[PDB]
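Trainee: Got a structure for you, written out below as structure tokens; questions coming shortly.
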Amino acid sequence: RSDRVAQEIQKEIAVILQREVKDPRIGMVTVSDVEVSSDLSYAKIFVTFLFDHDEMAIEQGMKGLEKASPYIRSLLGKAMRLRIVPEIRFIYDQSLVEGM
């Protein structure tokens with residue numbers, strides 16, 4: 001049943017990340033996927049940043065995301081109305097992207 005939670009979190013965390021994260025060095029934070037453990041206890045949030053050329057900026061953005069994790073879990077909780085909100089971890093997705 002982790003699929004429903006993962007799908008819901010992807011939907012909702014996308015919205016939160018677009019609205020709450022404002023850092024010009026990384027730009028829009030996009031959610032590429034979400035995986036949730038079978039026990040619905042943990043979630044992995046794969047993300048990419050609009051500006052990905054400065055390695056130090058990417059790191060600072062990933063630290064900002066971890067520092068902001070408790071607040072982000074609180075927003076998910078409100079958005080999803082879950083009794084137990086999974087712990088969350090952010091992972092930068094280095095998968096191949098074309099775009100154009």
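We name chains A, B, ... following the order of the structure tokens; residues begin at 1 in each chain, and ligands are numbered from 1 as shown.
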Please identify all polymer residues within 7 Å of residue 57 of chain A, counting only C-alpha atoms, omitting same-chain residues fewer than 3 positions from it, and present them as JSON, numbers by chain.
Mentor: {"A": [25, 26, 54, 60, 61]}
Trainee: Mind listing the helix (DSSP H, G or I) residues of chain A, per DSSP on the backbone, as an NGL selection string?
Mentor: :A and (2-20 or 55-67 or 69-80)
Trainee: Grab the residues selected above and save them as a PDB file, in the first residue's frame with C-alpha atoms.
Mentor:
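Produced file result_24.pdb, reproduced below:
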ATOM      1  CA  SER A   2       3.144   2.118  -0.090  1.00  0.00           C
ATOM      2  CA  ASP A   3       2.274   3.026  -3.676  1.00  0.00           C
ATOM      3  CA  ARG A   4      -0.708   5.125  -2.673  1.00  0.00           C
ATOM      4  CA  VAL A   5       1.277   6.951  -0.020  1.00  0.00           C
ATOM      5  CA  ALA A   6       4.269   7.440  -2.301  1.00  0.00           C
ATOM      6  CA  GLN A   7       1.982   8.718  -5.097  1.00  0.00           C
ATOM      7  CA  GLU A   8       0.185  11.074  -2.681  1.00  0.00           C
ATOM      8  CA  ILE A   9       3.430  12.371  -1.216  1.00  0.00           C
ATOM      9  CA  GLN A  10       4.854  13.007  -4.650  1.00  0.00           C
ATOM     10  CA  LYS A  11       1.803  15.060  -5.505  1.00  0.00           C
ATOM     11  CA  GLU A  12       1.799  17.035  -2.278  1.00  0.00           C
ATOM     12  CA  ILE A  13       5.484  17.461  -1.641  1.00  0.00           C
ATOM     13  CA  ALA A  14       5.845  18.869  -5.197  1.00  0.00           C
ATOM     14  CA  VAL A  15       3.478  21.712  -4.304  1.00  0.00           C
ATOM     15  CA  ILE A  16       5.199  22.418  -0.960  1.00  0.00           C
ATOM     16  CA  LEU A  17       8.647  22.435  -2.492  1.00  0.00           C
ATOM     17  CA  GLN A  18       7.655  24.819  -5.262  1.00  0.00           C
ATOM     18  CA  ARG A  19       6.112  27.230  -2.821  1.00  0.00           C
ATOM     19  CA  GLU A  20       8.360  26.987   0.206  1.00  0.00           C
ATOM     20  CA  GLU A  55      28.311  21.643  -6.820  1.00  0.00           C
ATOM     21  CA  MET A  56      28.598  23.733  -3.651  1.00  0.00           C
ATOM     22  CA  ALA A  57      25.168  25.306  -4.329  1.00  0.00           C
ATOM     23  CA  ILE A  58      23.615  21.916  -4.799  1.00  0.00           C
ATOM     24  CA  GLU A  59      25.042  20.802  -1.449  1.00  0.00           C
ATOM     25  CA  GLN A  60      23.730  23.922   0.330  1.00  0.00           C
ATOM     26  CA  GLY A  61      20.358  23.350  -1.246  1.00  0.00           C
ATOM     27  CA  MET A  62      20.339  19.690   0.002  1.00  0.00           C
ATOM     28  CA  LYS A  63      21.346  20.904   3.519  1.00  0.00           C
ATOM     29  CA  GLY A  64      18.520  23.491   3.422  1.00  0.00           C
ATOM     30  CA  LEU A  65      16.124  20.690   2.509  1.00  0.00           C
ATOM     31  CA  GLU A  66      17.244  18.567   5.439  1.00  0.00           C
ATOM     32  CA  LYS A  67      17.153  21.467   7.838  1.00  0.00           C
ATOM     33  CA  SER A  69      12.446  18.511   6.827  1.00  0.00           C
ATOM     34  CA  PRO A  70      10.473  18.734  10.150  1.00  0.00           C
ATOM     35  CA  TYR A  71       8.478  21.737   8.705  1.00  0.00           C
ATOM     36  CA  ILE A  72       7.952  19.973   5.391  1.00  0.00           C
ATOM     37  CA  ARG A  73       6.641  16.831   7.263  1.00  0.00           C
ATOM     38  CA  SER A  74       4.246  19.057   9.161  1.00  0.00           C
ATOM     39  CA  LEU A  75       2.889  20.474   5.850  1.00  0.00           C
ATOM     40  CA  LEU A  76       2.556  16.978   4.360  1.00  0.00           C
ATOM     41  CA  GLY A  77       0.692  15.921   7.480  1.00  0.00           C
ATOM     42  CA  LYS A  78      -1.726  18.810   7.068  1.00  0.00           C
ATOM     43  CA  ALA A  79      -2.118  18.200   3.298  1.00  0.00           C
ATOM     44  CA  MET A  80      -2.530  14.441   3.492  1.00  0.00           C
TER      45      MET A  80
END
Trainee: From the set A:1, A:21, A:87, A:34, which residue has the shortest atom-to-atom contact distance to residue 46 of chain A, counting only C-alpha atoms?
Mentor: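 Of A:1, A:21, A:87, A:34, the one nearest residue 46 of chain A is A:34, counting only C-alpha atoms.
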Trainee: Calculate how many Å separate atom CA of residue 38 of chain A from atom CA of residue 96 of chain A, rounding to one decimal.
Mentor: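 Between atom CA of residue 38 of chain A and atom CA of residue 96 of chain A the gap works out to 27.4 Å.
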Trainee: Quick one: of A:86, A:24, A:97, A:91, who's nearest to residue 45 of chain A, counting only C-alpha atoms?
Mentor: A:91
Trainee: If we count only C-alpha atoms, what is near residue 95 of chain A at a cut-off of 10 Å, once residues fewer than 2 positions away on the same chain are taken out, given as a PDB file with N, CA, C and O atoms, in the first residue's frame?
Mentor:
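Result saved to around.pdb:
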ATOM      1  N   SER A  32      11.307  14.246  -8.657  1.00  0.00           N
ATOM      2  CA  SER A  32      11.304  13.266  -9.729  1.00  0.00           C
ATOM      3  C   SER A  32      10.656  11.961  -9.426  1.00  0.00           C
ATOM      4  O   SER A  32      10.189  11.274 -10.338  1.00  0.00           O
ATOM      5  N   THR A  48      15.430  17.215  -8.202  1.00  0.00           N
ATOM      6  CA  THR A  48      16.417  17.890  -9.037  1.00  0.00           C
ATOM      7  C   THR A  48      16.200  19.402  -8.865  1.00  0.00           C
ATOM      8  O   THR A  48      15.090  19.857  -8.496  1.00  0.00           O
ATOM      9  N   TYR A  92      19.430  13.696  -4.297  1.00  0.00           N
ATOM     10  CA  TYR A  92      19.495  14.340  -5.597  1.00  0.00           C
ATOM     11  C   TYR A  92      19.573  13.291  -6.710  1.00  0.00           C
ATOM     12  O   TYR A  92      20.512  12.479  -6.737  1.00  0.00           O
ATOM     13  N   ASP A  93      18.587  13.316  -7.612  1.00  0.00           N
ATOM     14  CA  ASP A  93      18.456  12.378  -8.706  1.00  0.00           C
ATOM     15  C   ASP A  93      19.395  12.722  -9.894  1.00  0.00           C
ATOM     16  O   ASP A  93      19.123  13.661 -10.649  1.00  0.00           O
ATOM     17  N   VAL A  97      18.745  13.189 -18.255  1.00  0.00           N
ATOM     18  CA  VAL A  97      17.662  14.066 -18.659  1.00  0.00           C
ATOM     19  C   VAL A  97      17.987  14.709 -19.997  1.00  0.00           C
ATOM     20  O   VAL A  97      19.096  15.195 -20.208  1.00  0.00           O
TER      21      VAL A  97
END
Trainee: Running DSSP on the backbone, which parts of chain A land in strand (DSSP E), as a list in words?
Mentor: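 Taking chain A and keeping strand (DSSP E) gives residues 29, 30, 31, 32, 33, 34, 35, 36, 42, 43, 44, 45, 46, 47, 48, 49, 87, 88, 89, 90, 91 and 92 of chain A.
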Trainee: Please compute the atom CA of residue 82 of chain A-atom CA of residue 30 of chain A distance, one decimal, in Å.
Mentor: 23.0 Å
